[PDB]
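# fold the following, please.
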Amino acid sequence: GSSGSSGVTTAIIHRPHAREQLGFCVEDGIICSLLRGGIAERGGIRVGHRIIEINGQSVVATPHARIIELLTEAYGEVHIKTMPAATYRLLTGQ
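Numbering: from 1, shown residues only. The protein structure is shown below:
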């Protein structure tokens with residue numbers, strides 16, 4: 001691609017199996033720890049960043065509980081949109 005708007009980080013997780021862990025630990029819609037040598041790292045998951053959208057679904061105002069049910073339902077090609085709470089907030093602060 002040519003038109004690139006550097007801003008929100010987008011990662012892609014490869015979940016070939018359902019009975020397989022994820023590696024990345026999410027807390028209140030915000031990743032904290034990441035499994036070393038797993039998928040998250042491969043896809044593009046980085047702790048500290050907050051989740052605002054998943055599999056094409058706005059979860060910025062969605063309760064973790066649900067977020068989990070969603071991500072889980074999404075297998076194989078999972079699109080997780082990560083964003084730094086700092087920037088996001090500052091953006092939607094005005």
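# ok, residue 30 - how many residues close by?
For residue 30, the count of nearby residues is 15 (other C-beta atoms under 10 Å). Where you see a C-beta, it was placed from the backbone N, CA and C, and this is true even at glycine.
# element containing the most centrally placed residue in the chain?
With distances taken as C-alpha atoms, centre = their mean, the chain has residue 80 as the residue nearest its mean C-alpha position (3.6 Å). Per DSSP states H and E, residue 80 falls inside strand 76-83.
# packing partners for that strand?
strand 9-15, strand 50-54 (3 or more C-beta pairs under 8 Å, 6 or more residues apart in numbering; DSSP states H and E).
# need the contact partners of it.
Contacts to strand 76-83, defined as C-beta atoms under 8 Å, 6 or more residues apart in numbering, come from residues 8-16, 31, 43-46, 49-56, 71.
# give me the buried subset of those residues.
Burial by neighbour count, judged by 16 or more other C-beta atoms under 10 Å, picks out 11, 13, 15, 31, 43, 45, 49-54, 71 from those.
# show me where this protein has strands.
Listed in chain order, the strands of the chain (DSSP state E) span 9-15, 24-27, 30-34, 50-54, 57-58, 76-83.
# save those strands as TSV, and put in distance to residue 91 too.
Formatted as TSV, the strands of the chain follow (distance: least, C-beta to C-beta, whole Å):
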stretch	distance to residue 91
strand 9-15	14
strand 24-27	21
strand 30-34	17
strand 50-54	10
strand 57-58	15
strand 76-83	9
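# if we can go back for a sec, in a markdown table, list the helices and strands packed on strand 76-83 along with distance to residue 35.
Formatted as a markdown table, those follow (distance: least, C-beta to C-beta, whole Å):
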| stretch | distance to residue 35 |
| --- | --- |
| strand 9-15 | 12 |
| strand 50-54 | 17 |
